[PDB]
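Participant: Below is the sequence, then the experimental coordinates.
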Amino acid sequence: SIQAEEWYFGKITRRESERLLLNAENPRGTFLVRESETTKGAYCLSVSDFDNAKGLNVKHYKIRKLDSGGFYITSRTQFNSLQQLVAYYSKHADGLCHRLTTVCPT
Ligand SMILES: *C(=O)c1cc(/C=C(\NC(C)=O)C(=O)N[C@H]2CCCCN(Cc3ccc(-c4ccccc4)cc3)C2=O)ccc1CC(=O)O
């Protein structure tokens, strides 16, 4: 159950996710998964980043869940569960701003 996942922040807003991620103590890849504010049944993976151009910043990726069962950010790379998707992106940056590292502090 994703509700049981410590990285699943459920119903928190985009602004709140940014308030939490925009902490100078957060290394690149600090993340959380929350419900999308506007797309029923989709989620957002909010991730912190840092570079010398933008400084500390946050990116949000839409995670889709099909009624067919799969979870994905890009349809070409799907997962059997949100947990597997999180595990995969913690090892591969692929198209993300950074690989997922640690769960965002509350
Ligand atoms: C949550 O569902 C959510 C997410 C978004 C996402 C974006 N909109 C805004 C205003 O932030 C968005 O544009 N995100 C960027 C992120 C940075 C990368 C550029 N792209 C296109 C893209 C996305 C992902 C990948 C990729 C990822 C992993 C592997 C392979 C490829 C490539 C290219 C973005 O989408 C907007 C709204 C919401 C709903 C909410 O905030 O509540």
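Facilitator: That came in fine, so what should we check first? Numbers count the residues shown, from 1 in each chain.
Participant: Next, count neighbours for the nearest residue to residue 74 once chain neighbours are set aside.
Facilitator: Excluding the flanking residues, the one nearest residue 74 by CB to CB, 6 or more residues apart in numbering is residue 95, at 6.9 Å. All C-beta spots, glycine's among them, are computed from the backbone N, C-alpha and C. When neighbours are counted by other CB atoms under 10 Å, residue 95 registers 10.
Participant: start the count at 292, not 1, going forward
Facilitator: New numbering, starting at 292: the last item is residue 386.
Participant: So residue 386 is in contact with residue 368, correct?
Facilitator: No: with contact defined as CB atoms under 8 Å, residue 386 and residue 368 do not form a contacting pair (9.1 Å).
Participant: need the contact list for residue 384.
Facilitator: The contact partners of residue 384, by CB atoms under 8 Å, 6 or more residues apart in numbering, come to residue 390.
Participant: Name the SS class of it, please.
Facilitator: For residue 384, the secondary-structure state derived from DSSP: H, G, I helix; E, B strand; the rest coil is coil.
Participant: What helix or strand is the residue nearest the centre of the chain located in?
Facilitator: When the chain is reduced to its mean C-alpha position, the closest residue under CA atoms, centre = their mean turns out to be residue 336, at 2.0 Å. When secondary structure is defined using DSSP states H and E, the element that contains residue 336 is strand 334-342.
Participant: Does that strand pack against any helices or strands, and if so which?
Facilitator: helix 305-312, strand 322-326, strand 346-356, helix 373-380 (3 or more CB pairs under 8 Å, 6 or more residues apart in numbering; DSSP states H and E).
Participant: 6 Å - rerun?
Facilitator: Where contact means 3 or more CB pairs under 6 Å, 6 or more residues apart in numbering; DSSP states H and E, strand 334-342 is packed against strand 322-326, strand 346-356.
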